[PDB]
Amino acid sequence: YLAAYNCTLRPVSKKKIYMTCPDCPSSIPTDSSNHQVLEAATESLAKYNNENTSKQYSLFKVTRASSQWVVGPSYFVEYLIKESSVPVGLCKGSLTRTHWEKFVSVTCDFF
Amino acid sequence: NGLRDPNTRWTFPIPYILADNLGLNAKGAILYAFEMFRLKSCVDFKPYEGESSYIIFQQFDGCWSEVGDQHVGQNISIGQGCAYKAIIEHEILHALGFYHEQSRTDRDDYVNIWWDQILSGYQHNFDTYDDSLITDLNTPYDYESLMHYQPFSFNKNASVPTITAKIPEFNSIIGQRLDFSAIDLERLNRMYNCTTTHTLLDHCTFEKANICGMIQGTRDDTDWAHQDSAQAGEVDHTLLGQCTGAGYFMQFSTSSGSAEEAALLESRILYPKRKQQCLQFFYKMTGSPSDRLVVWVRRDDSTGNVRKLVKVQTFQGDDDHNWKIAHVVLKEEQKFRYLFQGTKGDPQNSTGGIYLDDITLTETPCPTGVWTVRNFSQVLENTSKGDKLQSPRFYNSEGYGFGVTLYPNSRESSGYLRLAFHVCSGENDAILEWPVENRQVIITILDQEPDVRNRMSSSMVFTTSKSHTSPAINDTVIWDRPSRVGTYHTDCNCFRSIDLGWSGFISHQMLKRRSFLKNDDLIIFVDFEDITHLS
Ligand SMILES: *[C@@H]1O[C@H](CO[C@@H]2O[C@@H](C)[C@@H](O)[C@@H](O)[C@@H]2O)[C@@H](O[C@@H]2O[C@H](CO)[C@@H](O[C@@H]3O[C@H](CO)[C@@H](O)[C@H](O)[C@@H]3O)[C@H](O)[C@H]2NC(C)=O)[C@H](O)[C@H]1NC(C)=O
Ligand SMILES: *[C@@H]1O[C@H](CO)[C@@H](O[C@@H]2O[C@H](CO)[C@@H](O[C@@H]3O[C@H](CO)[C@@H](O)[C@H](O)[C@H]3NC(C)=O)[C@H](O)[C@H]2NC(C)=O)[C@H](O)[C@H]1NC(C)=O
Ligand SMILES: *[C@@H]1O[C@H](CO)[C@@H](O[C@@H]2O[C@H](CO)[C@@H](O)[C@H](O)[C@H]2NC(C)=O)[C@H](O)[C@H]1NC(C)=O
Ligand SMILES: *[C@@H]1O[C@H](CO)[C@@H](O)[C@H](O)[C@H]1NC(C)=O
Ligand SMILES: [Ca+2]
Ligand SMILES: [Ca+2]
Ligand SMILES: [Zn+2]
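So, how was this worked out
- Residues numbered from 1 in each chain as written, not as in the entry; some residues may be left out.
- Chains lettered and ligands numbered in written order.
- Part of a larger assembly, values for the part shown.
- Heavy atoms only, no water.
- Residues with missing side-chain atoms left out of burial classes, pairs and counts.
- Near = heavy atom within 4 Å.
- Polar contact = N/O pair within 3.5 Å; in protein donor to acceptor, adjacent residues only side chain to side chain.
- Areas by Shrake-Rupley, 256 points an atom, 1.4 Å probe, with all protein chains shown as cover.
- Helix = DSSP H or I, 4+ residues; strand = E, 2+ residues; numbered from the N terminus.
- Expected span 1.5 Å × (residues − 1).
- Buried < 20%, exposed > 50% of the residue type's maximum accessible area, 1.4 Å probe, protein only.
- Arc of directions from axis to C-beta.
- Contact = heavy atoms within 4.5 Å.
- Donors = N, O, S within 2.8 Å, 3.2 Å for Na, K, Ca; no water.
- Disulfide = S-S within 2.5 Å.
- 1 Å grid on protein atoms, 1.4 Å probe; cavity = no way out; pocket = protein on both sides within 12 Å on 5 of 7 lines; lining within 4 Å.
- Points joined across faces, edges and corners; volume = space filled by probe spheres on them.
- Nonpolar A, V, L, I, M, F, W, Y, C, P; charged D, E, K, R; others polar.
- Domains from an automatic or database assignment.
- UniProt positions renumbered as here; feature names shortened; annotations may be inferred.
- Pairing = 2+ DSSP bridges.

Per the deposition metadata, cryo-EM was the technique used to determine this entry, at a resolution of 2.8 Å.

**Q** Just to check I follow, could you spell out the site of ligand 1 for this structure?
**A** Residue and element names in this part refer to chain B. The local shell around ligand 1 consists of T286, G287, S288, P289, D319, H321, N349, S350 and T351. Between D319 and ligand 1, the recorded distance is 2.9 Å, taken from a side-chain N or O atom to a nitrogen atom. At a separation of 3.0 Å, an oxygen atom of ligand 1 approaches a polar side-chain atom of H321. Across the complex, the protein chains shield 31% of the 920 Å² of accessible surface that ligand 1 would expose by itself.

**Q** Just checking my understanding: could you explain helix 2 (residues 35–51) of chain A for this structure?
**A** Since the α-helix packs 3.6 residues into each turn, any two residues three or four apart lie on the same face. All names here are of chain A. Taking 1.5 Å per residue as the helical rise, helix 2 with its 17 residues ought to reach 24 Å, and the 24 Å between its terminal C-alpha atoms agrees with that figure. Of the positions making up helix 2, those classed as buried are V37, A40, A41, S44, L45, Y48 and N49. All buried residues of helix 2 fall inside an arc of 170 degrees around its axis, so they share one side. Contact partners of the buried residues in helix 2: strand 2 (57–68), strand 3 (74–83), strand 4 (89–97) and strand 5 (102–110).

**Q** Whenever I open this one, the coordination of the calcium ion (ligand 6) confuses me. Can you help?
**A** When four donors bind a metal tetrahedrally, each ideal donor-metal-donor angle is 109.5 degrees, and when six bind octahedrally, the ideal angles are 90 or 180 degrees. Residue and element names in this part refer to chain B. At 2.3 to 3.2 Å from the calcium ion (ligand 6) lie its protein donor atoms, namely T205 (O), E207 (OE), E207 (OE), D236 (OD), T238 (OG1), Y248 (O), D357 (OD) and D357 (OD). Written as a sequence motif, the donor residues of the calcium ion (ligand 6) are T-x1-E-x28-D-x1-T-x9-Y-x108-D. Residue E207 is located in the loop between strand 9 (200–204) and strand 10 (215–216), and its partner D357 is located in strand 19 (residues 353–362); the two are separated by 150 residues in the primary sequence. Relative accessible area serves as the criterion here: at 26%, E207 is assigned to the partly exposed category. According to the relative accessible area criterion, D357 is buried, its value standing at 0%.

**Q** Even after reading the chapter, I still don't get the state of the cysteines, so can you show me in this structure?
**A** Residues and elements named next belong to chain B. According to the stated counting rule, one finds 7 disulfides over all chains in the structure shown. With a sulfur-sulfur separation of 2.0 Å, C492 is cross-linked through a disulfide to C494. One disulfide, between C492 and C494, carries an S-S torsion of -100 degrees and so falls in the left-handed class. The residues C492 and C494 share a single accessibility class, namely buried. Along chain B, the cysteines engaged in disulfide bonds are linked according to the scheme 1-4, 2-3, 5-6, 7-8, 9-10 when indexed in sequence order. Each disulfide of chain A joins two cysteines, and with those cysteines numbered along the sequence the arrangement is 1-2, 3-4. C494 supplies the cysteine sulfur nearest to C424, a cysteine that is in no disulfide, at a spacing of 4.2 Å. Residue class for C424 comes out buried when judged on its relative accessible area of 0%.

**Q** I'm lost on the environment of B:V485 in this one. Help?
**A** Structurally, B:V485 is set in helix 5 (residues 482–485). As a C-alpha pair, B:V485 and B:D127 span 358 residues in sequence and 52 Å in three-dimensional space.

**Q** Explain the layout of surface pockets to me, please; I cannot follow it from the model alone.
**A** With a probe scaled to a water molecule rolled over the atoms, the places where space remains empty come into view. Within this model, the largest pocket holds a volume of roughly 1,300 Å³. If you list the elements that add at least two residues to the lining of the largest pocket, you get helix 2 and strand 4 of chain A together with helix 2 (85–95), strand 26 (458–463), strand 29 (500–507) and helix 6 (508–511) of chain B. A per-element tally of the lining of the largest pocket places strand 29 of chain B first, with 5 residues. Across the lining of the largest pocket, the residue classes tally to 24 nonpolar, 17 polar and 6 charged. Taken together, domain 1 (1–198) and domain 3 (369–535) of chain B each give at least three residues to the lining of the largest pocket, which thus spans both.

**Q** Is there a simple way to explain the coordination of the calcium ion (ligand 5) in this structure?
**A** Residues and elements named next belong to chain B. The coordination sphere of the calcium ion (ligand 5), as far as protein atoms go, consists of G217 (O), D220 (OD), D220 (OD), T222 (O) and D223 (OD), spread over 2.2 to 2.8 Å. Counting residues between consecutive donors of the calcium ion (ligand 5) along the chain gives the motif G-x2-D-x1-T-D. Both residues of the pair, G217 and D220, belong to the buried class.

**Q** Explain the UniProt feature "active site" in chain B here, please?
**A** Within this structure's numbering, the places UniProt gives as "active site" are B:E91. Apart from the residues within four sequence positions on either side, B:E91 is in contact with A:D23, B:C63, B:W64, B:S65, B:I76 and B:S77.

**Q** Is there a simple way to think about the pairing of strand 4 (residues 55–58) of chain B in this case?
**A** Each regular strand displays side chains that alternate between the two surfaces of the sheet. All names here are of chain B. Burial of strand 4 is two-sided: the residues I55 and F57 facing one way and the residues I56 and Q58 facing the other way are all buried. In the sheet, strand 2 (residues 14–18) pairs with strand 4 via 3 bridges, with the strands oriented parallel. Pairing of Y16 across the sheet is with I55, part of strand 4. Where strand 4 and strand 5 (residues 74–77) come together, 4 bridges link them in parallel fashion. From the neighbouring strand, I56 faces strand 5, where its bridge partner is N75.

**Q** Could you clarify how one ought to interpret the side chain of B:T444 in this entry?
**A** All names here are of chain B. Structurally, the position occupied by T444 is in strand 25 (residues 439–445). Note on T444: relative accessible area 8%, which makes it buried. Excluding residues within four positions of it along the chain, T444 makes contact with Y32, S457, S458, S459, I523, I524 and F525.

Written as structure tokens, this is what we have:
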């Protein structure tokens, strides 16, 4: 039996990541101050709703986020959803803008 | 910006895996970047065969590489849009132990970082490394470097630059995505001790009196002049009379003598590393319409002696007397020499000659189709926004007709040029499969430098796919048979598809710089080749 616990966690050191791989998407806080991460998760969700005609889904919460800027602003995200409940699955997705071409990607697993 | 520790250096060929999660467009863009490495450096690539370290290229999130050889073998990612050749080249330069140019130890001497304008949580992507970690390779900081970040990178506000050059001119330049810079090659070569490019087999501009070790035949009647560019209109193609006493071309007069007199200009012997070469050159034919510039190969007859002639192409005069590009597919697998037979026809009806300059021989496929837009600066002024140009119909290796639309003044992007490939109907269409999917288009604005290490040719890449659709064709595939998907054009007497490619292909402020325009001639190459075999 587990009587009690506490845990301290961190994202991997941003300097040590940059030094290992300069272009790697640096991880960031998932809170609502990041409008563009919310745009990324809602764009990937909109793409998933456009791809999946059987059911439609709504954003519960964004669980992980990162971004990169090489081809342009490029956001990568994981987030939770429910139909239109306890959140029904985990989504994974992205949003990228170049100055001209634009890209959105999405994959989701139901629990 | 190179990682000092020599253990971090690859040993060539770098063995690679392409993961099957990569699209075809990304697999073909990777192999096209490898060709640029092999063409501009001694960097080489091989398929994987169980080696201790290797690159695996991936379609993971984002577009990124560990820096230098990780001796376990390493991921590179190529997410969406990083299919662009220059972004593959940038990631492979990270794999080859290179950090970003704004991460040099001395970077603060050359670029401002506007920390206040960086997104909170991203300031560390502008860290600079100490000189124990990185060498300068005894090179200056290079704004033209492919390793440099553009002004609007990681910025809070789209209008406000994160990074700017202290020499303010270079704000318009930093973070170019054309190609390797000359200093990126100089660095890469210092890093790997590269002295010879794998595919640049020969180049010549005749600037030196030994004419690049070409020779003139004696079996022929006469000789080509090595011509001094000094006469009133008769300038070389290398320098266009910009530099006095210094431009040179081979010239073969046809204004006098008998018809059918000739001169052979013949290269020094050449040892091809591949089964195929492209002989590019620039030429004029201001003489008679019956003059003929014939390109020949003299090859090893298998005795080890180069004496077996092979005619390979003929060129003939036009009302366009201006310097024209040419490409000749050679297929030489044994030592040889490329030859130009200038041949007179009707000399009484000639006031000029055949001219050669800027010869380049690369062990590559030739561009599938080449378009030269004459007087391009003047065309660019005279073009109203939304006015268009269309290339003559070129034919691909599989016989698919195709061509490019060029809109010089992009209405979509004021100050940019728009290039858009389309399929054309042609003589083969009934036998070809449609839609023509899995065919990688590579458009390339030639940077007109004869030495391929001096070129930064802008190039964009897409692959035809079922994804490409329009309501204008009931949302059928754009790449279906042009009889049922394109609009008939009277000028080509052919059906041209809905056109696809890039608004913003290049800025006018970038096309003018770097010698892409040269003598007011926007030379666009196109390739349009199947890549289904990469699946
Ligand atoms: C002599 O050669 C000229 C062309 O060569 C030029 O003039 C000579 C006198 C010398 O100075 C050369 O060094 C110089 O390059 C011949 O004239 C050209 O003939 C061609 C083929 O007949 C004409 O092409 C046609 O043009 C019409 C439109 O005009 C098109 O519709 C056709 O499809 C086709 O392309 C061309 O117009 C013409 N060019 C000029 C500038 O006159 C000339 O016929 C020849 N004469 C003899 C007796 O050999
Ligand atoms: C590009 O050319 C360089 C020379 O211009 C090569 O540099 C030489 O590499 C040697 C190893 O291959 C080094 O030897 C080592 O030297 C140190 C002392 O500096 C000793 O502790 C090591 O025991 C010794 N290693 C061995 C096996 O003996 C040379 O010192 C070094 N010379 C210089 C001036 O750096 C590069 O290796 C070469 N790189 C590539 C990728 O081709
Ligand atoms: C992005 O930066 C620009 C320039 O600093 C800001 O534009 C100015 O905004 C004020 C109002 O705050 C206007 O009165 C000025 O006329 C604007 N200047 C220009 C050149 O248009 C802009 O507000 C910033 N936007 C964000 C979201 O930060
Ligand atoms: C190009 O421009 C010059 C004047 O700038 C003009 O004389 C010449 O005829 C033009 N040539 C073409 C092919 O348009
Ligand atoms: Ca001779
Ligand atoms: Ca020259
Ligand atoms: Zn990078």
